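Undergrad:
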Ligand SMILES: [Zn+2]
Ligand SMILES: [Zn+2]
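Chains as they are written, first to last, in PDB author numbering: chain L, 1 to 69; chain E, 30 to 333; chain X, 687 to 735; chain Y, 27 to 70; chain G, 45 to 142; chain F, 173 to 230; chain R, 746 to 1032; chain D, 10 to 58.
#1: Only counting the same chain, and skipping five residues up and downstream in sequence, which positions put a Cβ closer than 7 Å to that of residue 51 of chain L?
#2: Within the structure, which residues are defined as neighbours of ligand 1 by a Cβ-heavy atom distance below 6 Å, reported in chain order?
#3: Could you work out which residue in R:864, R:862, R:785, R:846 is closest to residue 856 of chain R when comparing CA atoms only?
#4: So the candidates are E:262, E:253, E:263, E:277; which of them puts its Cα closest to the Cα of residue 269 of chain E?
#5: Kindly provide the chain-ordered list of residues whose Cβ lies closer than 6 Å to any non-hydrogen atom of ligand 2.
#6: Could you say if the segment 72-81 of chain G and the segment 49-67 of chain E meet the contact criterion of at least three C-beta pairs nearer than 8 Å?
#7: Return no unless some Cβ of chain L is closer than 9 Å to the Cβ of residue 201 of chain F.
#8: With 9 Å as the threshold, decide whether the Cβ of residue 42 of chain E is near any Cβ in chain L.
#9: Determine the chain L residues that contact residue 100 of chain E at a beta-carbon separation under 7 Å, and present them in chain order.
#10: Quick check on DSSP: helix, strand or coil for residue 255 of chain E?
#11: Please tell me whether residue 10 of chain D has its Cβ less than 9 Å away from any Cβ of chain F.
#12: Measuring straight from C-alpha to C-alpha, what distance separates residue 277 of chain E and residue 1003 of chain R?
#13: For residue 721 of chain R, which three-state DSSP category applies?
#14: Under 8 Å, CB to CB, which of the residues in the segment 211-227 of chain E have a partner in chain R?
#15: Answer yes or no: does any C-beta atom of chain D fall closer than 9 Å to that of residue 55 of chain L?
#16: Assign residue 40 of chain L to buried or exposed, taking buried as 16 or more other Cβ atoms, counted over all protein chains shown, within 10 Å of its Cβ.
#17: Please work out which residues of its chain come closer than 8 Å, Cβ to Cβ, to residue 40 of chain Y, disregarding the five sequence neighbours upstream and downstream, and give them in chain order.
#18: Closest to residue 972 of chain R by C-alpha separation, out of R:772, R:759, R:983, R:783, would be which residue?
#19: With distance defined between alpha-carbon atoms, name the residue in R:928, R:762, R:768, R:876 nearest to residue 1031 of chain R.
#20: From residue 216 of chain F to residue 923 of chain R, what does the alpha carbon distance come to, in whole angstroms?
#21: Within the present structure, is the beta-carbon of residue 809 of chain R separated from the nearest heavy atom of ligand 4 by less than 8 Å?
#22: Less than 9 Å between CB atoms is the rule here; does residue 33 of chain D satisfy it with respect to chain F?
#23: What residue range does the alpha helix (DSSP H) around residue 18 of chain L cover?
#24: So, with DSSP's three-state summary, where would you put residue 1 of chain L?
#25: Any idea if residue 51 of chain Y is buried or exposed, counting beta-carbon neighbours within 10 angstroms, 16 or more meaning buried?
#26: Kindly indicate the opening and closing residues of the beta strand (DSSP E) around residue 31 of chain Y.
#27: For the segment 206-224 of chain F, which residues have a CB atom closer than 7 Å to at least one CB atom of chain D, in sequence order?
#28: Cα separation between residue 219 of chain E and residue 69 of chain E?
#29: Run through the DSSP bridge pairs and tell me what residue 158 of chain E is partnered with.
#30: Taking 9 Å as the cut-off, decide whether the C-beta atoms of residue 198 of chain E and residue 157 of chain E are in contact.
#31: By the three-class DSSP mapping on this structure, what secondary structure does residue 45 of chain L have?
#32: Which residues of chain X have a Cβ atom closer than 7 Å to the Cβ of residue 89 of chain G, listed in chain order?
#33: Give the residues of chain F in contact with residue 59 of chain L, contact being defined as C-beta atoms less than 8 Å apart.
#34: Please list the terminal residues of the continuous alpha helix (DSSP H) segment that includes residue 81 of chain G.
#35: Short of 8 Å Cβ to Cβ, which residues in the segment 72-93 of chain E face chain Y?
#36: Helix, strand or coil, according to DSSP, for residue 44 of chain Y in the structure here?
What follows is the structure in structure tokens.
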């Protein structure tokens, strides 16, 4: 749903690298392999977290019962 | 014959690099039994401080309560575990959390709609106020006498841009978090280490001379800083047997079924300790030889 | 198997205090090879098991 | 103000023996809002 | 109650004895077993966890005589203490070189 | 019916919400598809149960 | 937290199944190491689901209704809230002044779900939570009746959330038919570890493969791992490979360009003894 | 590399923020229920009322 803090297989902090990843794919036109290497994600357990995150919380947050629509 | 001076004559350490987060060093002529015991304390038994009890007051955001509490458990806190002591489980909840064994964090964030947003925008940081809750929004609240000993260094998360939660206007999060000590064998959040593991030194045993244009392809079957060619005579030799992962790429070729075999140096270790932020990996390894020393020192004093 | 390996696999399976042995002391065999260094065999694991 | 309308999201209060509906629009479903209270979790 | 000599497996001579340590694992059990197998008087030794879900660690010591198994365990705990002291000094000898 | 996936989120439903089903007493029921004989085609059929219409039935 | 797979068909992104993630990528080592996963079972890294690996909840909703025992315009004998009698003040912790429970509170078996005053008995009865498994209260709906006569509420819908942390005995599965319950949450210091520093978060037995003949899970291990190194998704819609170009030739050369081997094996150590294992261990990220 | 799909990030992520104000993405998912939608529509509109 939202980006996993502290990836599952080793324990490297990963949750602070989602918004830096979308920055390094949109403004700086990098492919997904260079951007995971610039963020310091070397081990392929750490790479498949930011690479394969869906960020589904942005679809949940459009149903706000605490605001007029 | 074995002796602690015979082991002192043979053991040495060759450190490759230091950093604020990642060390890389060597253990020479030590057993796999002992080098695992150092490897298993740095992950499971060296203490660290992490949020264990989270006291919610209001949470109207979309991410629910135990998931957002589990994420506050997983954020590393840049705080020295030597500054505060352990809790006692037999004490009740009124006297268990003192200012010598508990650091208090707070997260009071409210979201509202930004009227200064540009028309036809998509960016929620322009479009909303306090829409993204990060790890640096966890505020340290010194209680009692710890407003003097932590005034030199306030408790801040070691990775402040951890995206804890996301909000929309109307929604709010208000909590208090008590972060205490613990070892990595209880929960994974108390491990101060990204990964701490070894690999033994690869031994590339060239058996026959690899002169000619076979050395231009024997070099290609390794990472580039491992096999070099001599400038005097064309002959493959090992430059650096540390730079290779053990791929066995030469074992896919019938040309090199006899000219090389890939052994492994028996007692040469390469530790690569990556810290999570609170302690330096110089100190995490130093605390791991002290836990194993005090573990044998504890049984030496207990009555049998 | 060397001497530390050979005796590790026996106490990992026998464990006399739970009552699997019948001698109150774990007996072993002489090794298969005596020189240069003593080695046992996996035949000789299950022999003393 | 303890309840929220499901349609127009107006924070309303509902007295005793009162018509269970919102006042800004006639919607018959009300959401009980979350009031500030201590809830305890172990972060595991 | 940390260390406990299992009296249903010890010997009258004191040469064979089974111990049992609470809340330990392969970290201490494999490390201590290597050190006591360097003692040239120990005949048999090994460690064994009964069940992994229960934090229990048995350690067997059998010897050739002239030393009890308790006196062997105190030597192996002393030398595993000393082995951790010479790897701590030499790490400090090289961390100050840089 | 003709709502955009924007307007299906503003009406609480889901963005790419496919329909197809009936809401009956809060439960999402739907009537299954059944595979059955083709319309308007006389097909020659041999069945042993056609003999049990009486005597002299083939 | 669901994930999109490294290894997916091209029809996956065409029906929009990224909108509905039904699983997660897991470092799966095909290894007989543990002893606890032999016949059909499996294990998880213990520190994997201390970090949220495979965590899910369960949302249960029941409707408490106070007007299914009457008819035709009688006075409503049952009202939400508290009366003026001597009712015990124990359950102010769960319930609000409306006789309705607070949002977010923790409810085990025997706690009250709602309080209502009864007129034919002059007593505040409470209904209670008839479930042996604890839950948290997420939302409380006030279902109001539609009539010309405006009516006090008789119908309340309450939704529970139940923390389903993955215990042992829970069934996981691959995308190939390889199901199996969890045997033990095996701790990280007792698991095998590679030379790259990682540890698998799933161990599966190699004896589940020969009788089942699922080589799509073997080649997902090469395809999943070689896509995790390069940051690419390889498609896996069927019959994109011939007998000439085997995918084990295709995904092997992708692993060989990264430094790993052509066969998808890694040199792993033990967690208990710490020794170098005999053969290199077949690992990879499958979904 | 011929047999590679793509992680459609910045398209998946952009579509999550704002849903399309024109017709829906993934029209092949809408065709999977057209024998249900188009069968209820036939009994109210079409030829002969
Ligand atoms: Zn990782
Ligand atoms: Zn309304």
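By construction, the Cβ of each residue, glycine as well, lies at the ideal position given by its N, Cα and C atoms.
TA: By the coordinates alone:
#1: 32, 36
#2: Ordered along the chain, residues surrounding ligand 1 are L:7, L:9, L:10, L:12, L:43, L:45, L:46 [Cβ under 6 Å from any heavy atom].
#3: R:846
#4: E:253
#5: Y:31, Y:33, Y:34, Y:36, Y:48, Y:50, Y:51, Y:53
#6: Verdict: yes, contact present.
#7: no
#8: no
#9: Those are 5, listed as they occur along chain L.
#10: coil
#11: False, the Cβ-Cβ gap to chain F never drops below 9 Å.
#12: Between residue 277 of chain E and residue 1003 of chain R, the C-alpha separation is close to 13 Å.
#13: Because chain R in this structure spans residues 746 to 1032, residue 721 of chain R falls outside the shown range and cannot be described.
#14: Cβ proximity to chain R below 8 Å picks out 213, 214, 216, 217, 218, 220, 224, 226, 227 from the segment 211-227 of chain E.
#15: yes
#16: exposed
#17: 28, 29, 46, 56
#18: R:772
#19: R:768
#20: 46 Å
#21: No copy of ligand 4 appears in this structure; the ligands present are ligand 1 and ligand 2.
#22: yes
#23: 18-26
#24: coil
#25: exposed
#26: 29-31
#27: Cβ contacts with chain D: none found.
#28: 14 Å
#29: E:141
#30: yes
#31: helix
#32: 693
#33: 187
#34: Segment: none, residue 81 of chain G is in no alpha helix (DSSP H) and carries neither H nor E.
#35: 79, 80, 81, 82, 83, 84, 85, 86, 87, 88, 89
#36: coil
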